[PDB]
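S.K.: The structure file upload-v3.txt (compact mmCIF, N, CA and C atoms) is provided below.
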```txt
# COMPACT_ATOMS: atom_id res chain seq x y z
N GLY G 1 -13.28 82.95 -164.49
CA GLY G 1 -14.06 82.99 -165.71
C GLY G 1 -13.58 82.01 -166.76
N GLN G 2 -14.42 81.01 -167.06
CA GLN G 2 -14.05 79.98 -168.02
C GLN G 2 -13.90 80.57 -169.42
N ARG G 3 -13.22 79.81 -170.28
CA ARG G 3 -13.00 80.28 -171.65
C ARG G 3 -14.31 80.58 -172.36
N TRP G 4 -15.32 79.71 -172.19
CA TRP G 4 -16.57 79.94 -172.90
C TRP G 4 -17.25 81.20 -172.41
N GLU G 5 -17.07 81.54 -171.13
CA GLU G 5 -17.66 82.75 -170.57
C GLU G 5 -17.00 84.00 -171.15
N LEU G 6 -15.68 83.96 -171.33
CA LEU G 6 -14.99 85.05 -172.01
C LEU G 6 -15.45 85.17 -173.46
N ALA G 7 -15.62 84.05 -174.14
CA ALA G 7 -16.13 84.09 -175.51
C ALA G 7 -17.50 84.73 -175.56
N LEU G 8 -18.38 84.34 -174.63
CA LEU G 8 -19.70 84.95 -174.57
C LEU G 8 -19.59 86.44 -174.24
N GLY G 9 -18.60 86.81 -173.43
CA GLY G 9 -18.38 88.22 -173.13
C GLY G 9 -18.05 89.05 -174.36
N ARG G 10 -17.23 88.51 -175.26
CA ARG G 10 -16.96 89.23 -176.50
C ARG G 10 -18.21 89.33 -177.37
N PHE G 11 -19.05 88.30 -177.37
CA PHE G 11 -20.33 88.39 -178.06
C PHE G 11 -21.17 89.52 -177.48
N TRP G 12 -21.26 89.58 -176.15
CA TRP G 12 -21.98 90.66 -175.47
C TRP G 12 -21.42 92.03 -175.84
N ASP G 13 -20.10 92.20 -175.75
CA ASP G 13 -19.50 93.50 -176.02
C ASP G 13 -19.89 94.00 -177.40
N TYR G 14 -19.87 93.12 -178.40
CA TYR G 14 -20.20 93.54 -179.76
C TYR G 14 -21.69 93.78 -179.91
N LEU G 15 -22.50 92.87 -179.37
CA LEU G 15 -23.95 93.05 -179.43
C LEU G 15 -24.35 94.39 -178.84
N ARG G 16 -23.76 94.77 -177.70
CA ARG G 16 -24.14 96.03 -177.04
C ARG G 16 -23.90 97.22 -177.96
N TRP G 17 -22.75 97.26 -178.62
CA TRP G 17 -22.50 98.32 -179.59
C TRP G 17 -23.52 98.28 -180.72
N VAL G 18 -23.79 97.09 -181.27
CA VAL G 18 -24.77 96.97 -182.34
C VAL G 18 -26.10 97.56 -181.92
N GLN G 19 -26.51 97.31 -180.67
CA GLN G 19 -27.83 97.77 -180.25
C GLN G 19 -27.92 99.29 -180.18
N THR G 20 -26.79 100.01 -180.12
CA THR G 20 -26.88 101.46 -180.20
C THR G 20 -27.49 101.90 -181.52
N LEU G 21 -27.32 101.08 -182.56
CA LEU G 21 -27.87 101.35 -183.89
C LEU G 21 -27.46 102.74 -184.39
N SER G 22 -26.24 103.13 -184.06
CA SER G 22 -25.66 104.33 -184.63
C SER G 22 -25.57 104.21 -186.14
N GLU G 23 -25.20 105.31 -186.79
CA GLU G 23 -25.00 105.25 -188.23
C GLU G 23 -23.79 104.39 -188.58
N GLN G 24 -22.79 104.31 -187.70
CA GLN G 24 -21.68 103.39 -187.93
C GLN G 24 -22.16 101.95 -187.88
N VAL G 25 -23.01 101.63 -186.90
CA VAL G 25 -23.60 100.30 -186.83
C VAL G 25 -24.40 100.02 -188.09
N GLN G 26 -25.26 100.96 -188.48
CA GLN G 26 -26.04 100.76 -189.70
C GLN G 26 -25.13 100.50 -190.90
N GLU G 27 -23.99 101.19 -190.97
CA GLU G 27 -23.05 100.96 -192.06
C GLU G 27 -22.57 99.51 -192.08
N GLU G 28 -22.05 99.03 -190.95
CA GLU G 28 -21.51 97.67 -190.90
C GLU G 28 -22.60 96.62 -190.89
N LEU G 29 -23.83 96.99 -190.54
CA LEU G 29 -24.93 96.05 -190.59
C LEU G 29 -25.35 95.78 -192.03
N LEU G 30 -25.56 96.84 -192.80
CA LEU G 30 -26.00 96.70 -194.18
C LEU G 30 -24.92 96.08 -195.07
N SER G 31 -23.66 96.12 -194.66
CA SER G 31 -22.60 95.47 -195.41
C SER G 31 -22.39 94.02 -194.98
N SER G 32 -23.25 93.49 -194.12
CA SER G 32 -23.18 92.13 -193.60
C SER G 32 -21.98 91.90 -192.69
N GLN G 33 -21.22 92.95 -192.36
CA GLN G 33 -20.11 92.79 -191.43
C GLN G 33 -20.61 92.41 -190.04
N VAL G 34 -21.73 92.99 -189.61
CA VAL G 34 -22.23 92.72 -188.27
C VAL G 34 -22.65 91.26 -188.15
N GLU G 35 -23.42 90.76 -189.11
CA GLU G 35 -23.87 89.38 -189.02
C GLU G 35 -22.70 88.41 -189.14
N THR G 36 -21.67 88.78 -189.89
CA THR G 36 -20.50 87.92 -190.01
C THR G 36 -19.77 87.83 -188.67
N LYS G 37 -19.49 88.98 -188.05
CA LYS G 37 -18.74 88.97 -186.80
C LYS G 37 -19.54 88.29 -185.69
N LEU G 38 -20.84 88.58 -185.59
CA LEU G 38 -21.63 87.96 -184.54
C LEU G 38 -21.70 86.45 -184.71
N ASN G 39 -21.75 85.98 -185.96
CA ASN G 39 -21.78 84.54 -186.18
C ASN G 39 -20.51 83.90 -185.66
N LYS G 40 -19.35 84.46 -186.01
CA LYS G 40 -18.08 83.92 -185.53
C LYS G 40 -18.03 83.93 -184.01
N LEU G 41 -18.40 85.06 -183.39
CA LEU G 41 -18.40 85.14 -181.93
C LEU G 41 -19.30 84.08 -181.32
N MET G 42 -20.47 83.84 -181.93
CA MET G 42 -21.36 82.79 -181.46
C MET G 42 -20.71 81.42 -181.57
N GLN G 43 -20.13 81.12 -182.73
CA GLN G 43 -19.53 79.80 -182.92
C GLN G 43 -18.44 79.54 -181.89
N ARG G 44 -17.53 80.51 -181.71
CA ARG G 44 -16.45 80.32 -180.75
C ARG G 44 -17.01 80.11 -179.34
N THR G 45 -18.11 80.79 -179.01
CA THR G 45 -18.73 80.55 -177.71
C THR G 45 -19.19 79.10 -177.59
N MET G 46 -19.92 78.60 -178.59
CA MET G 46 -20.43 77.23 -178.51
C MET G 46 -19.30 76.21 -178.56
N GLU G 47 -18.26 76.47 -179.35
CA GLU G 47 -17.12 75.56 -179.39
C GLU G 47 -16.46 75.46 -178.03
N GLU G 48 -16.11 76.61 -177.43
CA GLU G 48 -15.52 76.59 -176.10
C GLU G 48 -16.43 75.88 -175.12
N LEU G 49 -17.74 76.10 -175.24
CA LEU G 49 -18.69 75.47 -174.33
C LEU G 49 -18.67 73.96 -174.49
N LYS G 50 -18.73 73.48 -175.73
CA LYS G 50 -18.66 72.04 -175.99
C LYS G 50 -17.40 71.44 -175.39
N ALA G 51 -16.24 72.00 -175.74
CA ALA G 51 -14.99 71.49 -175.20
C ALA G 51 -14.98 71.52 -173.68
N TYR G 52 -15.50 72.60 -173.09
CA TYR G 52 -15.53 72.69 -171.64
C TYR G 52 -16.47 71.65 -171.04
N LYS G 53 -17.57 71.34 -171.72
CA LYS G 53 -18.44 70.26 -171.25
C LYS G 53 -17.67 68.94 -171.22
N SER G 54 -17.01 68.59 -172.32
CA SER G 54 -16.23 67.36 -172.37
C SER G 54 -15.20 67.32 -171.24
N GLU G 55 -14.63 68.48 -170.90
CA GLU G 55 -13.67 68.55 -169.80
C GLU G 55 -14.29 68.08 -168.49
N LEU G 56 -15.39 68.73 -168.09
CA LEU G 56 -16.01 68.39 -166.81
C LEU G 56 -16.47 66.94 -166.77
N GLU G 57 -16.94 66.41 -167.90
CA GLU G 57 -17.40 65.03 -167.92
C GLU G 57 -16.27 64.04 -167.63
N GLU G 58 -15.04 64.35 -168.05
CA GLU G 58 -13.95 63.41 -167.84
C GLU G 58 -13.45 63.44 -166.41
N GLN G 59 -13.46 64.61 -165.77
CA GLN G 59 -13.05 64.73 -164.38
C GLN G 59 -14.17 64.41 -163.40
N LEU G 60 -15.35 64.03 -163.89
CA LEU G 60 -16.48 63.77 -163.01
C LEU G 60 -16.28 62.44 -162.28
N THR G 61 -16.37 62.48 -160.96
CA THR G 61 -16.34 61.24 -160.19
C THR G 61 -17.39 60.28 -160.75
N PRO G 62 -17.02 59.03 -161.05
CA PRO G 62 -17.99 58.13 -161.70
C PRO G 62 -19.27 58.02 -160.90
N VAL G 63 -20.38 57.85 -161.63
CA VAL G 63 -21.70 57.70 -161.04
C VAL G 63 -22.49 56.75 -161.93
N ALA G 64 -23.61 56.26 -161.39
CA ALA G 64 -24.53 55.44 -162.17
C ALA G 64 -24.79 56.07 -163.53
N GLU G 65 -24.83 55.23 -164.56
CA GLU G 65 -24.96 55.73 -165.92
C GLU G 65 -26.25 56.52 -166.11
N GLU G 66 -27.33 56.13 -165.43
CA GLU G 66 -28.60 56.84 -165.57
C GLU G 66 -28.45 58.30 -165.16
N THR G 67 -27.89 58.55 -163.98
CA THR G 67 -27.63 59.93 -163.57
C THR G 67 -26.64 60.61 -164.50
N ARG G 68 -25.65 59.87 -164.99
CA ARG G 68 -24.66 60.46 -165.88
C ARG G 68 -25.31 60.96 -167.16
N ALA G 69 -26.23 60.17 -167.73
CA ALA G 69 -26.89 60.57 -168.97
C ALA G 69 -27.90 61.68 -168.74
N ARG G 70 -28.52 61.73 -167.56
CA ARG G 70 -29.48 62.78 -167.26
C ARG G 70 -28.79 64.12 -167.11
N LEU G 71 -27.78 64.19 -166.24
CA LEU G 71 -27.02 65.43 -166.11
C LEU G 71 -26.43 65.84 -167.44
N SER G 72 -26.01 64.87 -168.25
CA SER G 72 -25.53 65.20 -169.59
C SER G 72 -26.64 65.84 -170.41
N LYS G 73 -27.83 65.23 -170.40
CA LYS G 73 -28.95 65.79 -171.16
C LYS G 73 -29.44 67.10 -170.57
N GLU G 74 -29.39 67.24 -169.24
CA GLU G 74 -29.76 68.51 -168.63
C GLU G 74 -28.83 69.63 -169.07
N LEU G 75 -27.54 69.33 -169.26
CA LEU G 75 -26.59 70.35 -169.70
C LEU G 75 -26.69 70.61 -171.20
N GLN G 76 -27.00 69.58 -172.00
CA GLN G 76 -27.26 69.83 -173.42
C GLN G 76 -28.48 70.73 -173.60
N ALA G 77 -29.46 70.63 -172.71
CA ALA G 77 -30.62 71.51 -172.79
C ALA G 77 -30.20 72.96 -172.59
N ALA G 78 -29.51 73.24 -171.48
CA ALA G 78 -29.05 74.60 -171.22
C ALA G 78 -28.08 75.05 -172.30
N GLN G 79 -27.21 74.14 -172.75
CA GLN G 79 -26.30 74.46 -173.84
C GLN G 79 -27.08 74.85 -175.10
N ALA G 80 -28.13 74.10 -175.42
CA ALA G 80 -28.93 74.39 -176.60
C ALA G 80 -29.69 75.70 -176.45
N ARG G 81 -30.15 76.00 -175.23
CA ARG G 81 -30.87 77.25 -175.00
C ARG G 81 -30.00 78.45 -175.34
N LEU G 82 -28.76 78.45 -174.84
CA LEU G 82 -27.83 79.53 -175.15
C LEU G 82 -27.60 79.63 -176.65
N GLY G 83 -27.34 78.49 -177.30
CA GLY G 83 -27.10 78.51 -178.73
C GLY G 83 -28.25 79.11 -179.50
N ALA G 84 -29.48 78.75 -179.14
CA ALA G 84 -30.64 79.28 -179.84
C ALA G 84 -30.77 80.78 -179.63
N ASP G 85 -30.49 81.25 -178.42
CA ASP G 85 -30.53 82.69 -178.16
C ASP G 85 -29.61 83.44 -179.11
N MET G 86 -28.35 83.00 -179.22
CA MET G 86 -27.40 83.71 -180.06
C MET G 86 -27.80 83.64 -181.53
N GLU G 87 -28.21 82.47 -182.00
CA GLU G 87 -28.65 82.34 -183.39
C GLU G 87 -29.81 83.28 -183.69
N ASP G 88 -30.75 83.41 -182.74
CA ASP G 88 -31.87 84.33 -182.94
C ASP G 88 -31.39 85.77 -183.05
N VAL G 89 -30.36 86.15 -182.29
CA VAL G 89 -29.78 87.49 -182.41
C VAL G 89 -29.30 87.72 -183.84
N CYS G 90 -28.42 86.84 -184.33
CA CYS G 90 -27.93 86.97 -185.69
C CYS G 90 -29.09 87.05 -186.68
N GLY G 91 -30.10 86.20 -186.50
CA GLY G 91 -31.22 86.18 -187.43
C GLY G 91 -31.91 87.52 -187.55
N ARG G 92 -32.31 88.11 -186.42
CA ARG G 92 -33.06 89.36 -186.49
C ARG G 92 -32.23 90.47 -187.11
N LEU G 93 -30.90 90.38 -187.00
CA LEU G 93 -30.04 91.37 -187.64
C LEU G 93 -29.96 91.14 -189.14
N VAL G 94 -29.91 89.88 -189.58
CA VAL G 94 -30.01 89.60 -191.01
C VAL G 94 -31.34 90.10 -191.54
N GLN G 95 -32.43 89.77 -190.85
CA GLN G 95 -33.75 90.22 -191.27
C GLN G 95 -33.79 91.73 -191.44
N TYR G 96 -33.26 92.47 -190.46
CA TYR G 96 -33.27 93.92 -190.54
C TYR G 96 -32.57 94.41 -191.80
N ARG G 97 -31.39 93.85 -192.09
CA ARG G 97 -30.67 94.22 -193.31
C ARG G 97 -31.54 94.02 -194.54
N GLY G 98 -32.22 92.87 -194.62
CA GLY G 98 -33.08 92.60 -195.76
C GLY G 98 -34.21 93.60 -195.90
N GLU G 99 -34.80 94.00 -194.77
CA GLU G 99 -35.90 94.96 -194.82
C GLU G 99 -35.42 96.32 -195.30
N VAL G 100 -34.32 96.81 -194.73
CA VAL G 100 -33.81 98.12 -195.15
C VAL G 100 -33.48 98.10 -196.63
N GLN G 101 -32.82 97.03 -197.09
CA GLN G 101 -32.49 96.92 -198.51
C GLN G 101 -33.73 97.05 -199.39
N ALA G 102 -34.89 96.67 -198.86
CA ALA G 102 -36.15 96.73 -199.60
C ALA G 102 -36.91 98.03 -199.38
N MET G 103 -36.37 98.95 -198.58
CA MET G 103 -37.10 100.15 -198.18
C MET G 103 -36.92 101.34 -199.12
N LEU G 104 -35.97 101.27 -200.05
CA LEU G 104 -35.86 102.27 -201.11
C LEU G 104 -35.72 103.70 -200.56
N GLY G 105 -35.02 103.86 -199.43
CA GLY G 105 -34.68 105.18 -198.94
C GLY G 105 -35.64 105.81 -197.96
N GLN G 106 -36.75 105.14 -197.62
CA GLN G 106 -37.66 105.67 -196.61
C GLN G 106 -37.04 105.56 -195.22
N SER G 107 -37.66 106.25 -194.27
CA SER G 107 -37.14 106.29 -192.91
C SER G 107 -37.15 104.90 -192.29
N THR G 108 -36.00 104.50 -191.74
CA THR G 108 -35.88 103.24 -191.02
C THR G 108 -36.14 103.39 -189.53
N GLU G 109 -36.64 104.54 -189.08
CA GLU G 109 -36.77 104.78 -187.65
C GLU G 109 -37.64 103.72 -186.98
N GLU G 110 -38.83 103.48 -187.52
CA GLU G 110 -39.74 102.51 -186.92
C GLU G 110 -39.16 101.11 -186.94
N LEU G 111 -38.47 100.74 -188.03
CA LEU G 111 -37.80 99.45 -188.08
C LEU G 111 -36.75 99.33 -186.98
N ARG G 112 -35.99 100.40 -186.76
CA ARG G 112 -34.93 100.34 -185.76
C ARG G 112 -35.51 100.25 -184.35
N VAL G 113 -36.64 100.90 -184.11
CA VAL G 113 -37.28 100.81 -182.79
C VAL G 113 -37.75 99.38 -182.54
N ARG G 114 -38.40 98.78 -183.53
CA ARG G 114 -38.85 97.40 -183.36
C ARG G 114 -37.67 96.46 -183.20
N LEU G 115 -36.58 96.71 -183.94
CA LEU G 115 -35.39 95.88 -183.79
C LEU G 115 -34.84 95.98 -182.37
N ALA G 116 -34.71 97.20 -181.85
CA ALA G 116 -34.20 97.38 -180.50
C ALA G 116 -35.08 96.66 -179.48
N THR G 117 -36.40 96.74 -179.65
CA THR G 117 -37.30 96.08 -178.71
C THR G 117 -37.10 94.57 -178.75
N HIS G 118 -36.84 94.01 -179.93
CA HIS G 118 -36.65 92.58 -180.03
C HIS G 118 -35.27 92.17 -179.51
N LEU G 119 -34.23 92.94 -179.82
CA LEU G 119 -32.91 92.63 -179.28
C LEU G 119 -32.90 92.70 -177.76
N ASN G 120 -33.66 93.63 -177.17
CA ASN G 120 -33.72 93.71 -175.71
C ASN G 120 -34.30 92.43 -175.12
N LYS G 121 -35.29 91.84 -175.80
CA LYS G 121 -35.89 90.60 -175.32
C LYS G 121 -34.92 89.44 -175.49
N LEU G 122 -34.37 89.27 -176.69
CA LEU G 122 -33.35 88.24 -176.89
C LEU G 122 -32.21 88.42 -175.91
N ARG G 123 -31.79 89.67 -175.70
CA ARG G 123 -30.75 89.94 -174.71
C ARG G 123 -31.14 89.40 -173.35
N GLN G 124 -32.39 89.62 -172.94
CA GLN G 124 -32.84 89.14 -171.64
C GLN G 124 -32.75 87.62 -171.54
N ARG G 125 -33.04 86.92 -172.64
CA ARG G 125 -32.95 85.46 -172.61
C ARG G 125 -31.51 85.01 -172.39
N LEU G 126 -30.55 85.68 -173.05
CA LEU G 126 -29.16 85.25 -172.95
C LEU G 126 -28.63 85.38 -171.53
N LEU G 127 -28.94 86.48 -170.86
CA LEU G 127 -28.61 86.59 -169.44
C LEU G 127 -29.14 85.38 -168.68
N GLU G 128 -30.43 85.11 -168.83
CA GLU G 128 -31.07 84.03 -168.07
C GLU G 128 -30.47 82.68 -168.43
N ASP G 129 -30.43 82.35 -169.72
CA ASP G 129 -29.95 81.04 -170.14
C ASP G 129 -28.47 80.86 -169.84
N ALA G 130 -27.69 81.93 -169.97
CA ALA G 130 -26.27 81.85 -169.64
C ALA G 130 -26.07 81.64 -168.15
N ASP G 131 -26.86 82.34 -167.32
CA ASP G 131 -26.75 82.19 -165.88
C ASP G 131 -27.09 80.78 -165.45
N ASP G 132 -28.24 80.27 -165.91
CA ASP G 132 -28.61 78.90 -165.59
C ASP G 132 -27.53 77.93 -166.04
N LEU G 133 -26.92 78.19 -167.20
CA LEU G 133 -25.87 77.30 -167.69
C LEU G 133 -24.65 77.33 -166.77
N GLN G 134 -24.26 78.52 -166.32
CA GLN G 134 -23.14 78.63 -165.38
C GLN G 134 -23.43 77.88 -164.09
N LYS G 135 -24.67 77.94 -163.60
CA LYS G 135 -25.02 77.25 -162.36
C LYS G 135 -24.99 75.74 -162.55
N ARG G 136 -25.58 75.24 -163.64
CA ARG G 136 -25.61 73.80 -163.88
C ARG G 136 -24.22 73.24 -164.12
N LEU G 137 -23.32 74.05 -164.70
CA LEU G 137 -21.95 73.59 -164.90
C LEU G 137 -21.20 73.51 -163.57
N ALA G 138 -21.44 74.47 -162.68
CA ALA G 138 -20.75 74.48 -161.39
C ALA G 138 -21.12 73.26 -160.56
N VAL G 139 -22.42 73.03 -160.36
CA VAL G 139 -22.85 71.86 -159.60
C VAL G 139 -22.35 70.59 -160.26
N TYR G 140 -22.19 70.61 -161.58
CA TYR G 140 -21.64 69.46 -162.29
C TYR G 140 -20.33 69.01 -161.64
N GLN G 141 -19.39 69.93 -161.51
CA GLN G 141 -18.08 69.60 -160.94
C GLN G 141 -17.97 70.13 -159.51
```
Give the structure from this file in structure tokens form.
M.R.:
Amino acid sequence: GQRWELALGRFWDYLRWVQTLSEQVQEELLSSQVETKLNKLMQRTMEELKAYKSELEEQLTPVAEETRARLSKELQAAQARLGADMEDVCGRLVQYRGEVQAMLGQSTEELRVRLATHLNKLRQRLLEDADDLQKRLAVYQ
């Protein structure tokens, strides 16, 4: 398991707890603690990923520059897909905080159900985009 995969694993571990939407989660969500921690976990994932990309590129047996730039761009695509998935996670959690803050004490049940439905979809993308990224990195080296 590469460093970036472990970093993504810590992102997953925290996201999974957040999705329970317990009252403890709601506490740390409305205090912006959740969006702060998820942002850091996301950044460390992308940083490790960037550095790990540079690693494989240097150990790559030389090839025609055209293929070199294509595989590079193919990996930036998968790299960008993962990044967008995580950013979207943080976003919907920020949005939820803003909505509750504007709800003046009414029931957040329906908001939490819609949030869970959206996190489940974003979650599905991260599995897919992360898997494709792992495959494209392996064939790389």
S.K.: For residue 112 of chain G, which residue out of G:42, G:100, G:15, G:69 is the nearest one, using only C-alpha atoms?
M.R.: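 Going through G:42, G:100, G:15, G:69 one by one, the smallest distance to residue 112 of chain G is for G:100.
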S.K.: Can you work out the spacing between atom N of residue 107 of chain G and atom CA of residue 88 of chain G in Å, to one decimal?
M.R.: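 Computing it gives 25.3 Å between the two atoms.
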S.K.: What does the distance from atom C of residue 137 of chain G to atom N of residue 123 of chain G come to in Å, to one decimal?
M.R.: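 Distance reported for this atom pair: 22.8 Å.
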S.K.: Do you have the atom N of residue 55 of chain G-atom CA of residue 41 of chain G distance handy?
M.R.: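 Calculated distance between atom N of residue 55 of chain G and atom CA of residue 41 of chain G is 20.3 Å.
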S.K.: Skip residue 11 of chain G itself and residues of its chain fewer than 3 positions away, then list as a list in words all residues within 10 Å of it, counting only C-alpha atoms.
M.R.: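 Neighbouring residues, sequence-local ones excluded: residues 5, 6, 7, 8, 14, 15, 16, 37, 38, 39, 40, 41, 42, 43, 44, 45 and 86 of chain G.
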S.K.: Please write the residues from the selection above to a file, keeping N, CA and C atoms, as a short mmCIF file (atom, residue, chain, number, x, y, z; two decimals), keeping the file's coordinate frame.
M.R.:
```cif
data_model
loop_
_atom_site.label_atom_id
_atom_site.label_comp_id
_atom_site.auth_asym_id
_atom_site.auth_seq_id
_atom_site.Cartn_x
_atom_site.Cartn_y
_atom_site.Cartn_z
N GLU G 5 -17.07 81.54 -171.13
CA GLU G 5 -17.66 82.75 -170.57
C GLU G 5 -17.00 84.00 -171.15
N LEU G 6 -15.68 83.96 -171.33
CA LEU G 6 -14.99 85.05 -172.01
C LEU G 6 -15.45 85.17 -173.46
N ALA G 7 -15.62 84.05 -174.14
CA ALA G 7 -16.13 84.09 -175.51
C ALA G 7 -17.50 84.73 -175.56
N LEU G 8 -18.38 84.34 -174.63
CA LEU G 8 -19.70 84.95 -174.57
C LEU G 8 -19.59 86.44 -174.24
N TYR G 14 -19.87 93.12 -178.40
CA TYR G 14 -20.20 93.54 -179.76
C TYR G 14 -21.69 93.78 -179.91
N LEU G 15 -22.50 92.87 -179.37
CA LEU G 15 -23.95 93.05 -179.43
C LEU G 15 -24.35 94.39 -178.84
N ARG G 16 -23.76 94.77 -177.70
CA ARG G 16 -24.14 96.03 -177.04
C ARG G 16 -23.90 97.22 -177.96
N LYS G 37 -19.49 88.98 -188.05
CA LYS G 37 -18.74 88.97 -186.80
C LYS G 37 -19.54 88.29 -185.69
N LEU G 38 -20.84 88.58 -185.59
CA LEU G 38 -21.63 87.96 -184.54
C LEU G 38 -21.70 86.45 -184.71
N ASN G 39 -21.75 85.98 -185.96
CA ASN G 39 -21.78 84.54 -186.18
C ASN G 39 -20.51 83.90 -185.66
N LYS G 40 -19.35 84.46 -186.01
CA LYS G 40 -18.08 83.92 -185.53
C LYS G 40 -18.03 83.93 -184.01
N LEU G 41 -18.40 85.06 -183.39
CA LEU G 41 -18.40 85.14 -181.93
C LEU G 41 -19.30 84.08 -181.32
N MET G 42 -20.47 83.84 -181.93
CA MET G 42 -21.36 82.79 -181.46
C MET G 42 -20.71 81.42 -181.57
N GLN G 43 -20.13 81.12 -182.73
CA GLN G 43 -19.53 79.80 -182.92
C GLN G 43 -18.44 79.54 -181.89
N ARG G 44 -17.53 80.51 -181.71
CA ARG G 44 -16.45 80.32 -180.75
C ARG G 44 -17.01 80.11 -179.34
N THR G 45 -18.11 80.79 -179.01
CA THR G 45 -18.73 80.55 -177.71
C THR G 45 -19.19 79.10 -177.59
N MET G 86 -28.35 83.00 -179.22
CA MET G 86 -27.40 83.71 -180.06
C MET G 86 -27.80 83.64 -181.53
#
```
S.K.: Determine the nearest neighbour of residue 60 of chain G from the options G:75, G:125, G:140, G:111, counting only N, CA and C atoms.
M.R.: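 For residue 60 of chain G, the nearest of the given residues is G:140.
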S.K.: Taking into account only C-alpha atoms, which residue in the set G:56, G:82, G:103, G:119 is nearest to residue 19 of chain G?
M.R.: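 Looking at the shortest contact to residue 19 of chain G, the residue is G:119.
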S.K.: Which is closest to residue 89 of chain G among G:136, G:70, G:3, G:118, if we use only N, CA and C atoms?
M.R.: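 Of G:136, G:70, G:3, G:118, the one nearest residue 89 of chain G is G:118, counting only N, CA and C atoms.
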S.K.: Show which residues sit within 12 Å of residue 81 of chain G, as a PyMOL selection string. Count only C-alpha atoms, and ignore same-chain residues fewer than 2 positions away.
M.R.: chain G and resi 46+74-79+83-88+122+125-133
S.K.: Nearest residue to residue 50 of chain G out of G:98, G:4, G:31, G:120, using all atoms listed in the file?
M.R.: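 Ranked by minimum distance to residue 50 of chain G, first place goes to G:4.
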S.K.: Taking the point (-24.7, 91.2, -188.4) as given in the file, collect each protein or nucleic acid residue that comes within 8 Å of it, counting only N, CA and C atoms, and present the set as a list in words.
M.R.: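 Taken together, the residues in range are residues 28, 29, 30, 31, 32, 33, 34, 35, 36, 37, 38, 39, 89, 90, 91, 92, 93 and 94 of chain G.
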